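S.K.: One structure coming up, written as structure tokens, with questions to follow.
Cβ: placed from backbone, ideal geometry, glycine included. Neighbour counts: every protein chain shown. Read-outs: derived from the displayed coordinates by stated rules, not from any lab.
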Amino acid sequence: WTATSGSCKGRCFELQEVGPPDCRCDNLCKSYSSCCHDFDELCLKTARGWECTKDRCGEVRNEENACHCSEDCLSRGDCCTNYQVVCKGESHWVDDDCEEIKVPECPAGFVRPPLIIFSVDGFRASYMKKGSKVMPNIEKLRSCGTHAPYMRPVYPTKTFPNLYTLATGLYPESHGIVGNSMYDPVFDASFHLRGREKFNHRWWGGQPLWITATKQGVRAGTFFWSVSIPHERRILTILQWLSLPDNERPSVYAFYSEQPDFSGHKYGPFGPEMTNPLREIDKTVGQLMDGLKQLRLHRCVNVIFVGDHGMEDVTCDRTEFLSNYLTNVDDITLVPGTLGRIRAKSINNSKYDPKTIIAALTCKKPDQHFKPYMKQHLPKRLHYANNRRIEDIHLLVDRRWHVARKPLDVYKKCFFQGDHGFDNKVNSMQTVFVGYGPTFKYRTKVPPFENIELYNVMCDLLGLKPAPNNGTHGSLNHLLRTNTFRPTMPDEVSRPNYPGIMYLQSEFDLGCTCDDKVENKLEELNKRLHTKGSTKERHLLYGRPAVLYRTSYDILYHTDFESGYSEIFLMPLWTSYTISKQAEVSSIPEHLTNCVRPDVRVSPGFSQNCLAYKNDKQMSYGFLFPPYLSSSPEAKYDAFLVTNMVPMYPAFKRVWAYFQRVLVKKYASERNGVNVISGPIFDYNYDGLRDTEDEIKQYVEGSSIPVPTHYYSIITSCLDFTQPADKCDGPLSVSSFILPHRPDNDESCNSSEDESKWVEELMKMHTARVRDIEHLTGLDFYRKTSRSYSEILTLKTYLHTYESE
Ligand SMILES: *[C@@H]1O[C@H](CO)[C@@H](O[C@@H]2O[C@H](CO)[C@@H](O[C@@H]3O[C@H](CO[C@H]4O[C@H](CO)[C@@H](O)[C@H](O[C@H]5O[C@H](CO)[C@@H](O)[C@H](O)[C@@H]5O[C@H]5O[C@H](CO)[C@@H](O)[C@H](O)[C@@H]5O)[C@@H]4O)[C@@H](O)[C@H](O[C@H]4O[C@H](CO)[C@@H](O)[C@H](O)[C@@H]4O[C@H]4O[C@H](CO)[C@@H](O)[C@H](O)[C@@H]4O)[C@@H]3O)[C@H](O)[C@H]2NC(C)=O)[C@H](O)[C@H]1NC(C)=O
Ligand SMILES: Cc1cc(OCc2n[nH]c(=O)n2C)c(-c2cccc(C(=O)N3CCOCC3)c2)cc1Cl
Ligand SMILES: [Ca+2]
Ligand SMILES: [Ca+2]
Ligand code: NA
Ligand code: NA
Ligand SMILES: [Zn+2]
């Protein structure tokens, strides 16, 4: 109940929420149906529209008007935004030459440059170029400030998950807004875009920027605008708040536009109808900048122009129906559209079986336009699994398509032409970022980056300590003129042992065999030097990775590779090797096919054994440093050490062997050498974080050899590819992957074909950031380079996307 009979007189767009059933005059009052009786009258004035005209200049103040053109309006802070242009001979902000903002030029009483986040829904990255002729204000922000060619949203590429990621720096699995629609089985409650459940605080995890600010004594304006408040009134309200006394004035503000998303759904991303919405958003930017200029704030405020996601062509003829695949379609609930989430319709149904649903959905139609996954098998870069609101069965839908349960769902609900929500690496889903103001750089292009990084930067712009989040703080320092965050590298927690030769061959009873009994002072000294690390500078190019947790491990040196060998997991945490452009690929010689060799530096008790693999009918093994890339027949024996072996399903060995035999040399050829670091990952609870020993769900049968859930590789070379990877003077280039370690290749519908037709496609799907691998391994890479630490942080956040221009 609301007692709507109090008044909004002197309270319009009050910042503090007054407590029920007392009536409200704040922004949110419309959303809750709790506004005082006179809110529309007092707070939503529209009389005489939004612009001054010549006949209005110097008018007698009429308090009924939407905005004012009277002499007193500047001191009241309520002029129409074009007042000084029409009435005082000034120029529009957009018509002014841009001039570098070297220092904040703020009025007396301003403690810090305010931050205004101007958010636009469905603003596809390519609109910045394709719409530039119709968006002069935005084009001026972009060209004169700091801009990225695009900014990568989070998955799913929907509004609430992305706006709340902007607000928190968190992945949706961590902040809890995992879709625009959700069911939480613990609350037994459903979240929808329409309705009131979505305002309940239990949905919204983490700590959003406005709360971060308020806790640290920095006042915030509204972030969520009620849909019925016109954009012109949102801008006027922000300008009015900026005219408050110092002690009352917020330092952080947001604007939001539901365009161009609203029209893009109706017309498609490039429908001719889309020009007008882009012109209108540009006009709104112009109102804000004209308004700031009138207040003498246009060289004081930092403005961020940012989108939540892009927009793709999607029409309802491009819909896959689950009723064409499942016999039992009535026993499931599907969250449909540009992603699919499946759960049992009834928890009482003991005939429900996820395995049979996945199988019925796997590679059943030649041109099938979605792929089913158990959520733990989704690409790790999506970070889309560790939340009870994410159903165990997920459908990744091809760009331009929908999935639905039955055809009747599509016509009893072919109107729309645009949608979004797809995989966040898809080009059409990318969105925009521009920063303009004293704290941003001048006329500066920065590489694409992820929206999870922005919360830290917004905290830096406001002098706030960010709450714990998924950004990598410092990775966006290159966007900023000042206020940079200068992180220190994390301290190494575990120091390595450097074992020498400590065991005789006969101490091992591993069930392994090798035809290596093939028997020189010249070259005996050489082999000893290699085992002490004489080639390490060639193979460990950026320092050894640091281990950031407590464990027991050994550094092992070899002619062709170096490794950090875990005595706890019985395999390397990492193996590092450099392959020059000139490297030759060779075969595994016949006499060495089944060769595994005890490592006389590592105790039998801390080694794998061959008998376990013989007995485990499901599990085979592979090698981290590839025997195919040995530098000589003699060095090749090192590759068959038991300390270089890792457990691999035979189906996965198809993938790994093709990567090692074909792809590494291809990349060395293309990139002028590569340095490779490879290793296992254990993430059985799919939280994106390194498992401890007691979290491991599967072992090689009868042994203590843990089975990895994934294998990673980090492939680094010189950004200037005229220099070889091992003699690089300047910035680095990286690409990485985290491949799922699966006992079948059901994910790859073409896997019956030669690996040349499917393996690299799989690897591209599972592309990763170095930072993703760091979370999953507790390792810290690139500790010893010539490069600045913030440059290295940017490198560690890079994702090689494999999308065209
Ligand atoms: C991205 O960045 C984020 C932010 O840094 C990273 O997430 C953090 O990861 C930590 C490790 O997973 C996690 O730390 C745990 O916190 C527990 C207390 O958490 C509450 O308090 C915080 C602080 O305010 C709050 O933020 C949390 O919010 C979560 O929970 C509510 C739901 O109740 C949601 O509204 C909210 O969205 C968020 O949910 C997300 O996180 C939880 C995990 O907390 C997931 O379950 C959800 O699915 C969702 O993703 C909480 O309200 C604390 O209790 C934990 O301590 C246990 O583990 C330690 C290990 O040291 C152990 O020593 C303790 O004994 C304890 O174990 C006991 O409990 C076990 C479980 O019941 C039990 O089995 C044992 O036997 C023991 O009894 C732990 O320290 C931290 O909370 C989150 N923070 C956030 C915001 O998510 C994230 O990892 C980053 N991602 C990547 C890939 O890098
Ligand atoms: C720039 C920016 C704009 C935002 O919303 C702009 C908006 N205005 N109107 C409208 O439809 N949208 C989408 C939000 C946001 C979005 C959704 C939810 C919340 C939130 O945290 N809420 C609201 C519900 O109640 C719970 C708390 C905040 C976050 C940021 Cl960073
Ligand atoms: Ca949106
Ligand atoms: Ca884990
Ligand atoms: Na086996
Ligand atoms: Na297959
Ligand atoms: Zn939309």
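S.K.: If you scan the range 321-351, which residues turn out to be more than 15 Å from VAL397 (Cα to Cα) and touching a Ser or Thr at 6+ places or on another chain (Cβ under 8 Å)?
M.R.: Within the range 321-351, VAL329, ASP331, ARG343, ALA344, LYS345 qualify.
S.K.: I need the full set of residues from the range 422-440 which are assigned to a loop (DSSP other than H, G, I, E, B) and closer than 30 Å to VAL111 by Cα, in order please. Step through it out loud before you land on a result.
M.R.: Initially, the range 422-440 is screened for residues assigned to a loop (DSSP other than H, G, I, E, B), giving 422-426, 430, 432, 437-439.
Those that are assigned to a loop (DSSP other than H, G, I, E, B) and closer than 30 Å to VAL111 by Cα: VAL432, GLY437, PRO438, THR439.
S.K.: Another question, then. I'm checking my understanding of the structure. Among residues of the range 254-293 that are aromatic (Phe, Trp, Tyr) and surrounded by fewer than 23 Cβ atoms within 10 Å (Cβ to Cβ), which one is nearest to ligand 2 (Cβ to nearest atom)?
M.R.: Here the residue is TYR256.
S.K.: Taking the stated definitions as given, is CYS80 of a type in the set (A, V, I, L, M, F, W, C) and surrounded by fewer than 24 Cβ atoms within 10 Å (Cβ to Cβ)? So that I can check it myself, show each step before the final result.
M.R.: Working: of a type in the set (A, V, I, L, M, F, W, C): yes; surrounded by fewer than 24 Cβ atoms within 10 Å (Cβ to Cβ): no.
No.
S.K.: Based on this model, can you work out whether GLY543 counts as within 30 Å of the chain's Cα centre (by Cα) and outside any strand (DSSP E or B)? If you could, list the steps in order and put the result at the bottom.
M.R.: Values: within 30 Å of the chain's Cα centre (by Cα): yes; outside any strand (DSSP E or B): yes.
Spelling it out, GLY543 is indeed within 30 Å of the chain's Cα centre (by Cα) and outside any strand (DSSP E or B).
S.K.: Something else about it: Among the residues of the range 725-737, are any closer than 26 Å to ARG654 by Cα, among the β-branched types (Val, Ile, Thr) and under 24 Å from the mean Cα position of the chain (by Cα)?
M.R.: For the range 725-737, residues closer than 26 Å to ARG654 by Cα, among the β-branched types (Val, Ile, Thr) and under 24 Å from the mean Cα position of the chain (by Cα): present.
S.K.: Residue check, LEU163 against (1) out of contact with any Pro (no Cβ under 9 Å at 6 or more places or on another chain); (2) closer than 23 Å to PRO438 by Cα; (3) within 16 Å of ligand 2 (Cβ to nearest atom), all met but one. Which one?
M.R.: (2)
S.K.: Right, next: Looking at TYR686, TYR712, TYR667, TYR628 in this structure, which one is in a helix (DSSP H, G or I) and under 26 Å from the mean Cα position of the chain (by Cα)?
M.R.: Values: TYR686 fails: in a helix (DSSP H, G or I); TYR712 fails: in a helix (DSSP H, G or I); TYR628 fails: under 26 Å from the mean Cα position of the chain (by Cα).
Answer to the selection: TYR667.
S.K.: Within the range 445-469, how many residues are among the β-branched types (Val, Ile, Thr) and either surrounded by fewer than 22 Cβ atoms within 10 Å (Cβ to Cβ) or assigned to a loop (DSSP other than H, G, I, E, B) (or both)? Quick ask: steps written out before the conclusion?
M.R.: To start, the set of residues in the range 445-469 that are among the β-branched types (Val, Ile, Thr) comprises 446, 452, 457.
Add one more test, that the residue is either surrounded by fewer than 22 Cβ atoms within 10 Å (Cβ to Cβ) or assigned to a loop (DSSP other than H, G, I, E, B) (or both), and what stays is 446.
Qualifying residue count for the region: 1.
S.K.: For the subset of the range 670-683 comprising residues that are closer than 20 Å to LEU573 by Cβ and in a loop (DSSP other than H, G, I, E, B), which member is nearest to ligand 5 (Cβ to nearest atom)?
M.R.: Out of the qualifying residues, it is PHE682.
S.K.: Look through the range 684-714, keep the residues that are under 16 Å from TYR549 (Cβ atoms) and among the β-branched types (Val, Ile, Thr), and return whichever of them is farthest from ligand 5 (Cβ to nearest atom).
M.R.: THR692
S.K.: Another question, if that's okay. Does any residue in the range 261-273 that is over 12 Å from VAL314 (Cβ atoms) come within less than 7 Å, Cβ to Cβ, of a residue that is among the hydroxyl-bearing types (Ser, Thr, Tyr) and away from ligand 6 (no atom under 16 Å from the Cβ) six or more places away or on a different chain, and which pairs are these?
M.R.: Hits for this filter: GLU273/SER263; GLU273/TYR267.
S.K.: Kindly provide the set of residues from the range 45-77 that are among the polar types (S, T, N, Q) and either under 20 Å from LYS283 (Cβ atoms) or surrounded by 14 or more Cβ atoms within 10 Å (Cβ to Cβ) (or both), ordered by number.
M.R.: Kept after step one, since they are among the polar types (S, T, N, Q), are these residues of the range 45-77: 46, 53, 62, 65, 70, 75.
Across the range 45-77, the qualifying residues are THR46, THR53, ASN65, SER70.
S.K.: I would also like to ask the following. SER174 passes all but one of (1) within 12 Å of ligand 1 (Cβ to nearest atom); (2) polar (S, T, N, Q); (3) part of a loop (DSSP other than H, G, I, E, B); which number fails?
M.R.: Answer for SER174: the failing condition is (3).
S.K.: Can you find even one residue in the range 220-233 that is among the aromatic types (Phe, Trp, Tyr), within 16 Å of ligand 7 (Cβ to nearest atom) and either part of a loop (DSSP other than H, G, I, E, B) or touching an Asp or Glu at 6+ places or on another chain (Cβ under 8 Å) (or both)? Talk me through it step by step, then tell me what you get.
M.R.: Going residue by residue through the range 220-233, those that are among the aromatic types (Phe, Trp, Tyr) are 223-225.
Retained after the next criterion (residues that are within 16 Å of ligand 7 (Cβ to nearest atom)): none.
No, the range 220-233 contains no residue that is among the aromatic types (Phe, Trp, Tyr), within 16 Å of ligand 7 (Cβ to nearest atom) and either part of a loop (DSSP other than H, G, I, E, B) or touching an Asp or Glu at 6+ places or on another chain (Cβ under 8 Å) (or both).
S.K.: Hey, another quick one. Based on this model, can you work out whether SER736 counts as within 22 Å of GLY673 (Cβ to Cβ) and part of a strand (DSSP E or B)? First the steps, then the outcome.
M.R.: Numbers: within 22 Å of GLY673 (Cβ to Cβ): yes; part of a strand (DSSP E or B): yes.
Against the criterion (within 22 Å of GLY673 (Cβ to Cβ) and part of a strand (DSSP E or B)), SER736 qualifies.
Okay, residues lined up against (1) part of a loop (DSSP other than H, G, I, E, B); (2) out of contact with any strand residue (DSSP E or B) (no Cβ under 7 Å at 6 or more places or on another chain):
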| position | (1), (2) |
| --- | --- |
| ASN162 | no, yes |
| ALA167 | no, yes |
| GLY206 | yes, yes |
| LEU236 | no, yes |
| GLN240 | no, yes |
| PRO250 | yes, no |
| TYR253 | no, no |
| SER257 | no, no |
